[PDB]
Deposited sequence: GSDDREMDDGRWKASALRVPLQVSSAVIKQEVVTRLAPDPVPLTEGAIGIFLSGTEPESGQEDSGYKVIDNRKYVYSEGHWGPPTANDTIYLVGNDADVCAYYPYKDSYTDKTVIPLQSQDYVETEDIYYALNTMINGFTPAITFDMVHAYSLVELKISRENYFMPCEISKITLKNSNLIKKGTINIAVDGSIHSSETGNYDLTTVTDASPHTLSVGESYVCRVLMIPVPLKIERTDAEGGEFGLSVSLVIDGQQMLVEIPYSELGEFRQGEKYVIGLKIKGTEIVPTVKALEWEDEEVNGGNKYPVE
């Protein structure tokens, strides 16, 4: 005897950074990918379900057709989910991640395993962001050249370029490629000219990682992330103090303001007697 799984809602978990989290915002569009496996007993009483698509329709999440229904029996099952559904994401333990310029459909949320059975078939998926959001806000002040940006690179030896996340058990990320991140929104082929009074915003989905202290100066000051920019053919490096940014944490947004101040001659005037004393 079996009853259908009841997906009550899929809500977005807001991280506590500057304020306490209000009631979570429910997802009211698109599709989720659901995984089910029988809880470890050796017959669990369940056939494995990998990446079953559930769609939001008429105020609730449900199977697109009756044959897509996920059923629960008296035995316990481990159920996890992610959003937005992707047809090829067939293994919950190795869900792909890639640091990239922000694309809304690439912003993945996941809900770790919940133990559930047919006696209490109702579930709420508490969706956490898999990535960090890095937001660059680039402006000009007293700059008298075109200010054409042809390259933007995020630098730290710990940055993860590619990896996978286990959305079922612990949300642990397996790194497959590390190194500096080059933004694709601005290139030598596709450059961006920053105008006077313009605020140029570049958003990047970044794989969460603690940053390495890359430099300690004579005064003891520590530096983690660097931002390299090619402005009017000239490479400019910006060092971010480690105390200000030491880690990219899951579900947090880091707004990095970068104000380009052009070469300046500061004058001082003092009128005096011809011969000093």
Provide the list of deposited-sequence positions lacking C-alpha coordinates, grouped into contiguous ranges. 1 to 16, 58 to 61, 298 to 308
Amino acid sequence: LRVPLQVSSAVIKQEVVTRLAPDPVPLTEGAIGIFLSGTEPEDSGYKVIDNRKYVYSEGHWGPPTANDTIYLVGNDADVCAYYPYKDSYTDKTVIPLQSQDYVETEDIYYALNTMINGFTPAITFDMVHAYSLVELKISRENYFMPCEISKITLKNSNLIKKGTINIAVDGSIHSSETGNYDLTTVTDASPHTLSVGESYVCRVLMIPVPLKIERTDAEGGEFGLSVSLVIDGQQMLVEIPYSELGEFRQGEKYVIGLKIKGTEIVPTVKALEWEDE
From here on, numbers count along this sequence of modelled residues.
Out of 247 to 255 and 233 to 241, which stretch has the higher average CA B-factor listed in the record? 233 to 241
Would 213 to 221 or 58 to 66 have the larger average of its C-alpha temperature factors, as given in the entry? 213 to 221
Among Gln100, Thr114, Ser150, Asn166, single out the one with the highest C-alpha B factor in the record, please. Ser150
Looking only at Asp91, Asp87, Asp126, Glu177, the Cα with the top B-factor belongs to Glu177
Would you please rank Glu106 by its C-alpha temperature factor against the other modelled residues of its chain and give the third it falls in: lowest, middle or highest? lowest
Determine, from the deposited record, the chain-internal third of the Cα B-factor for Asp43: lowest, middle or highest. highest
Of the three thirds of Cα B-factor ranks in this chain, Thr184 occupies the middle
CA B-factor placement of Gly197, once the chain's modelled residues are sorted into thirds: highest
Name the third of the chain's ranked CA B-factors that contains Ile173, choosing lowest, middle or highest. middle
